[PDB]
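Here the protein sequences come in this chain order: F and A. Using the entry's author numbering, the letters of the first sequence map in sequence onto residues 66 to 73. Using the entry's author numbering, the letters of the second sequence map in sequence onto residues 2278 to 2373, 2377 to 2721, 2763 to 2809.
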Amino acid sequence: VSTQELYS
Amino acid sequence: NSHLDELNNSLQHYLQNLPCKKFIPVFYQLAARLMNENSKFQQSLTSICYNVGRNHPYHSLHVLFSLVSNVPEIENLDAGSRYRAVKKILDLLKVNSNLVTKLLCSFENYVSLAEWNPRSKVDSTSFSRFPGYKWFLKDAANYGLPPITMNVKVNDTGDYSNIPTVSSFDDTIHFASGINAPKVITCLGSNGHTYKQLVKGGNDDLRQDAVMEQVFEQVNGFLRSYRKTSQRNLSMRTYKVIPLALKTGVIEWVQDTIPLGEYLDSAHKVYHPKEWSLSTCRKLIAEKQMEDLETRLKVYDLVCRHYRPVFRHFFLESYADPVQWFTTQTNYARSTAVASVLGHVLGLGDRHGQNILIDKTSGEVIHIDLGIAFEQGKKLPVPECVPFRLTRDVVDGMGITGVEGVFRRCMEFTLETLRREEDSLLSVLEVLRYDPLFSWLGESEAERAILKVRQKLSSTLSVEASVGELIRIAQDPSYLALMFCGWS
Ligand SMILES: Nc1ncnc2c1ncn2[C@@H]1O[C@H](COP(=O)(O)OP(=O)(O)NP(=O)(O)O)[C@@H](O)[C@H]1O
């Protein structure tokens, strides 16, 4: 896994 | 307008005669609208909810539980009032009885299953697992019910006993665990077909995914009621979503598929072993994060020169003799073009290979985990440039022809069909706006988002010019370099 965590 | 009862009178004298079938497409929002306070509008909404929950348990009960599943009391929100109202509607639908409580028990069992997760990895024939799984091996033996993930056809009368109910569930859980918790559970079927249910314990925005899938289904309807947008048989493919809870929902693990991200990592090694691995690319770009524009473009050009495209080989040597291969290739081109145009229109977020599933024997693409929407990414702590997913491997997979031909034609037909039925679309997006369920990552980014939607569909620029500029902006290496690590 490596995609951006899309976190707030 | 939900203030004066006089308006509501002349409409409650009509909607009570409306068939329940008409109220299902918007029942997510409508379900979000009910409340426990007593008003004539509230009375009409309660009647609508009872009508759909009694006549068609299947298409409404999962939403009903989704809005009643987890709702705290101390914190004050319209979610709590809608929970009280939806619980009252559930009790009303259960008084009249066996099927309602059967579906409630099925949802509770599915959410409890999704709650827990062990650590393992399995594939191929045969497997056994699961603690406390007696309920899943005798479902129809106890409660004759369908597994929650078939597209049950809507019937005008409403009550049918011909729906297939499945009791035998395979003991295998080929669970593969990504971020957070994923469990896969495959059950048999009354007709004799197995359905795979992907339950997620991680806080994936499954409710946003569900409303997005509703928008996708209505878009399939729009493409259906037209000449050009249906001779192609184009359709933004939808995978059924049944979110019992936002954090612990369950979706339909689509029939046999290999996700794009999990694919072409083995194909990259097998087809091009000499070229660099993803490790060299990844954190090399990692070194690129703090560099300037020219350095970023230079290192990206180097790594993209190293790693030649490889996804073009999936459609070869896998499906069949050429006619099936070409039908699959055009299916992939059309589905990915429609999905990309729609995601650009609605500002869909993450578009990595881990969120893309290629069918196989058909080729239609299925975008998964569309939690970020309405232009949510780009504006990430780490910024992006591309509007929709278009790498070099993806355009390699569209065929020898790049994105100029069937892809661009499908995209432009999609654009013109979406513009022609704009008014209905922005109506749908408006009813999304006024409910507090869709994520738009008082005044909200949703308003500017739909304004940008209208601008993207604005007729000021010719549709052909718009598709050309979209293809250029999503194919140019200068934009692609800044996107993120990988994305070759
Ligand atoms: N409809 C589907 N078809 C195929 N695979 C699916 C489907 N739904 C979910 N999956 C799988 O479930 C996982 C989805 O990713 P997920 O578990 O949400 O981790 P994630 O972190 O959110 N994605 P990412 O951050 O890009 O790695 C992948 O392993 C997919 O293969």
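Each residue gets a CB set at the ideal place from its N, CA and C atoms; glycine is no exception.
Discussion item. Below 9 Å on C-beta distance, what does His2632 of chain A contact in chain F?
Written reply: Position 352 of the second sequence holds residue 2632 of chain A. Simply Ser67, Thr68, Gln69.
Worksheet item: Given a limit of 9 Å on CB to CB distance, which residues of the region 2656-2670 of chain A reach chain F?
Response: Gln2656, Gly2657, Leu2660, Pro2661, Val2662, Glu2664
Worksheet entry | Burial state of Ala2566 of chain A (16 or more Cβ within 10 Å) | Here residue 2566 of chain A refers to the residue found at position 286 of the second sequence. By the neighbour-count rule (16 or more Cβ atoms within 10 Å), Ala2566 of chain A is not buried but exposed.
Worksheet entry | Identity of the residue in A:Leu2698, A:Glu2532, A:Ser2787 nearest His2647 of chain A by Cα | Indexing the second sequence from 1 puts residue 2647 of chain A at position 367. Considering only alpha carbons, the answer is A:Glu2532.
Fill in: Residue ranges of each beta strand (DSSP E) within the region 2595-2626 of chain A, 3 or longer
none
Practice prompt. Assign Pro2539 of chain A to one of three DSSP states: helix, strand, or coil.
Written response: By one-based count along the second sequence, residue 2539 of chain A stands at place 259. Residue state, collapsed to three classes: strand.
Worksheet item: When burial is assigned at 16 or more other CB atoms within 10 Å of the CB, is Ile2351 of chain A buried or exposed?
Response: For the purposes of this step, residue 2351 of chain A is taken as the residue at position 74 of the second sequence. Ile2351 of chain A comes out exposed.
Practice prompt. May I ask whether a heavy atom of ligand 1 can be found less than 7 Å away from the beta carbon of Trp2533 of chain A?
Written response: The residue given as residue 2533 of chain A occupies position 253 in the second sequence. Result yes, Cβ under 7 Å from ligand 1.
Discussion item. Please identify the residue among A:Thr2474, A:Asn2442, A:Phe2342 whose C-alpha is closest to the C-alpha of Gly2529 of chain A.
Written reply: Counting from one through the second sequence, the residue named residue 2529 of chain A turns up at place 249. Here the closest residue by C-alpha is A:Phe2342.
Item to complete: Could you tell me which residues DSSP pairs with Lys2480 of chain A in its beta bridges?
Response: By one-based count along the second sequence, residue 2480 of chain A stands at place 200. According to DSSP, which records beta bridges pairwise, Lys2480 of chain A is partnered with A:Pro2462.
Discussion item. Quick check on the DSSP output: what are the complete beta strand (DSSP E) runs of length 3 or more inside the region 2644-2675 of chain A, in order along the chain?
Written reply: 2645-2647
Worksheet item: Taking 8 Å as the CB-CB limit, is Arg2562 of chain A close to chain F?
Response: What you label residue 2562 of chain A is simply residue 282 of the second sequence in a count that begins at 1. Taking Cβ atoms only, chain F reaches closer than 8 Å to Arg2562 of chain A, which makes this a yes.
Fill in: C-beta neighbour in chain F for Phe2805 of chain A, strict 8 Å
Indexing the second sequence from 1 puts residue 2805 of chain A at position 484. Chain F, which has a Cβ nearer than 8 Å to the Cβ of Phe2805 of chain A, makes this yes.
Fill in: Range of the contiguous alpha helix (DSSP H) that encloses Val2550 of chain A
For the purposes of this step, residue 2550 of chain A is taken as the residue at position 270 of the second sequence. From DSSP, the alpha helix (DSSP H) with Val2550 of chain A extends over 2546-2551.
Discussion item. Please tell me whether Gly2482 of chain A has its Cβ less than 8 Å away from any Cβ of chain F.
Written reply: The residue given as residue 2482 of chain A occupies position 202 in the second sequence. With 8 Å as the cut-off, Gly2482 of chain A does not count as an interface residue toward chain F.
Fill in: Per-residue contacts from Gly2458 of chain A into chain F (C-beta, under 9 Å)
For the purposes of this step, residue 2458 of chain A is taken as residue 178 along the second sequence, with counting starting at 1. Correct list: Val66.
Worksheet item: If we ignore side chains and look at the alpha-carbon of each, how far apart do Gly2633 of chain A and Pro2539 of chain A end up?
Response: Along the second sequence, read from residue 1 onward, the residue named residue 2633 of chain A stands at position 353. Along the second sequence, read from residue 1 onward, the residue named residue 2539 of chain A stands at position 259. Approximately 7 Å, taken between the alpha carbons.
Worksheet entry | Where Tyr2587 of chain A sits in the DSSP three-state scheme | Locating residue 2587 of chain A in the second sequence gives position 307, counting from the first residue. Three-state DSSP puts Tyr2587 of chain A in coil, outside helix and strand.
Discussion item. Is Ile2648 of chain A a contact residue of ligand 1, with contact defined as CB to any heavy atom under 7 Å?
Written reply: Within the second sequence, numbered from 1, the residue matching residue 2648 of chain A stands at position 368. Yes, Cβ of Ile2648 of chain A sits closer than 7 Å to a heavy atom of ligand 1.
Worksheet entry | Residue from A:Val2590, A:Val2774, A:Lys2463 whose Cα sits closest to the Cα of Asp2545 of chain A | Position 265 of the second sequence, counted from the first residue, corresponds to residue 2545 of chain A. Minimum Cα distance to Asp2545 of chain A is reached at A:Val2590.
Fill in: Span of the alpha helix (DSSP H), counted from its first residue to its last, around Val2530 of chain A
Sequence index remark: in the second sequence, residue 2530 of chain A carries index 250 (1-based). Taken as a continuous stretch (DSSP letters only), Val2530 of chain A belongs to no alpha helix (DSSP H), being part of the beta strand (DSSP E) at 2530-2533.
Worksheet item: So, helix, strand or coil for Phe2496 of chain A, using DSSP?
Response: Translated into the one-based positions of the second sequence, residue 2496 of chain A becomes position 216. In this structure, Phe2496 of chain A counts as helix in the three-state DSSP scheme.
Item to complete: Quickly, what does DSSP pair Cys2385 of chain A with across the bridge? List them, please.
Response: Residue mapping note: residue 2385 of chain A aligns to position 105 of the second sequence, counting from 1. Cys2385 of chain A pairs with nothing; no bridge assigned.
Worksheet entry | Cβ neighbours of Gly2629 of chain A in the same chain (closer than 8 Å, five flanking residues each side left out) | Against the second sequence, residue 2629 of chain A aligns to sequence position 349. Hits under 8 Å: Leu2650, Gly2651, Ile2652, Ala2653, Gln2656, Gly2657, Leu2721.
Practice prompt. With a threshold of 7 Å, establish whether the CB of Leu2544 of chain A neighbours any heavy atom of ligand 1.
Written response: Translated into positions along the second sequence, residue 2544 of chain A becomes position 264. The answer is no for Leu2544 of chain A.
Worksheet entry | Sequence-distant residues of its chain with Cβ nearer than 6 Å to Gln2609 of chain A (five each side left out) | Locating residue 2609 of chain A in the second sequence gives position 329, where the first residue counts as 1. Cβ neighbours of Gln2609 of chain A beyond the five flanking positions: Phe2595, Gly2679.
Worksheet item: Which residue from A:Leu2524, A:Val2625, A:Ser2620, A:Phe2300 puts its Cα closest to that of residue 2375 of chain A?
Response: Note on chain A: consecutive modelled numbers read 2373 then 2377, so residue 2375 of chain A has no coordinates in the structure shown.
Practice prompt. Go ahead and pull the three-state DSSP assignment for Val2446 of chain A.
Written response: Within the second sequence, the letter at position 166 stands for residue 2446 of chain A. Looking at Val2446 of chain A - three-state DSSP - the assignment turns out to be coil, as it is neither helix nor strand.
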